[PDB]
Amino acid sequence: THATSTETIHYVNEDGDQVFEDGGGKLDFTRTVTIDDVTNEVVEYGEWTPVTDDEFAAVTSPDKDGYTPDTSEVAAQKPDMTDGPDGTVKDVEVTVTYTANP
């Protein structure tokens, strides 16, 4: 199963080259699975619940002299999640671009 969402914030320049270490972090989720004790068949899947919060906190973009990121802060992001037998908590990808001044 994949119940831990990883948020990766790519910090790059206009050429797509990494200018800072990836930002972000991780968010853990869990869900219950109810089965028949006799047949071992899955009866139903519980809703995904957060171990901490259901949203990645806002992330401040690092400062680079002579450059300006398109956003000084990536807003809080809720990772997508799927239910059912193949359900999983998805990762979050974000790309912030630093453009040279002026």
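Numbering starts at 1 and follows the sequence shown.
Peer 1: Got a sec? Mean C-alpha B-factor, which is higher, 78 to 86 or 21 to 29?
Peer 2: Here the higher of the two C-alpha B-factor means belongs to 78 to 86.
Peer 1: Taking the recorded C-alpha temperature factors, which stretch has the higher mean, 4 to 12 or 93 to 101?
Peer 2: Higher mean C-alpha B-factor: 93 to 101.
Peer 1: Could you say whether, by C-alpha temperature factor, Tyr45 belongs to the lowest, middle or highest third of its chain?
Peer 2: As the PDB entry reports it, the C-alpha B-factor of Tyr45 lands in the highest third of its chain.
Peer 1: In terms of the CA temperature factor given in the entry, to which third of its chain does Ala58 belong: lowest, middle or highest?
Peer 2: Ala58: CA B-factor falls in the middle third of its chain.
Peer 1: Mind checking which third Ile35 falls in for C-alpha B-factor across the chain?
Peer 2: Middle third by C-alpha B-factor.
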